[PDB]
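Asks: can you look at this? It's an experimental structure, sequence on top.
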There are 2 protein chains.
Amino acid sequence: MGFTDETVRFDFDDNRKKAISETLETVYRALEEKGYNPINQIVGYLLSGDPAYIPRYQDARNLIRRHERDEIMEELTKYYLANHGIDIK
Amino acid sequence: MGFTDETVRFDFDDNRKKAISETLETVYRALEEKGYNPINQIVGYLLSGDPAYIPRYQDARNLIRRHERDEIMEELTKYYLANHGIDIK
């Protein structure tokens, strides 16, 4: 084998907001491009806690990894009820 | 080296659809009546697999419990991107 991985570490400074929304948008498309099942890998990622659920195609794997699966899931739950007509406090 | 498709097909017969959406609506209402934060308790339920995360005020705790955490979580994931302008199956 040859695990060649050098993540230079971009580390974007916090300034953006609602980033989780762009993160999953990106992650979703990443698997669409790679021919995988985005939903299946995302659901598996949050409730199993392992970065390898998201294929290393795009910075998406890093983006999702820089957010807590707890945090992301809260956002999922909030949005679910929000567009369902509920304003979350 | 463990190339195994795991489509369990353990699909239990349920006659409802979009019920999860109605269920979380119920659960959300349940915590507001109890003076808690609906999101905090729901997020814990799905990723911990512990029914005790939902307070026992209303039938909501029973309703959510009839649904698998995975089932709801995938629905959350799809819906998140769906109303975001993405069409998911």
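Replies: Sure, I can see it. Numbering: from 1, shown residues only, chains lettered A, B, ... in the order given.
Asks: how close does the spatially most central residue of chain A get to residue A:77?
Replies: In chain A, the centroid-proximal residue (Cα atoms, centre = their mean) is residue A:64; its distance is 3.3 Å. Distance from residue A:64 to residue A:77, counting by Cβ to Cβ, to the nearest Å: 17 Å. For every residue, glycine as well, the C-beta is placed using N, CA and C.
Asks: with residue A:31 instead?
Replies: Distance, residue A:31 to residue A:77, using Cβ to Cβ: 22 Å.
Asks: can you give me the buried ones in stretch A:79-89?
Replies: Buried residues in stretch A:79-89, counted by 16 or more other Cβ atoms under 10 Å in any protein chain shown: A:79-81, A:86.
Asks: and stretch A:57-75, by the same measure?
Replies: In stretch A:57-75, counting by 16+ other Cβ under 10 Å, buried: A:58-64, A:69, A:72-75.
Asks: now for these: which two are most distant?
Replies: The span of the buried residues of stretch A:57-75, defined through Cβ to Cβ, is set by A:58 and A:74 at 23.9 Å.
Asks: longest helix anywhere in chain A?
Replies: Selection of the longest helix in chain A by residue count, based on DSSP state H, yields helix A:19-34.
Asks: circling back to that earlier point, and the buried residues of stretch A:57-75, which of them are in strands?
Replies: Residues of the buried residues of stretch A:57-75 located in strands (DSSP state E): none.
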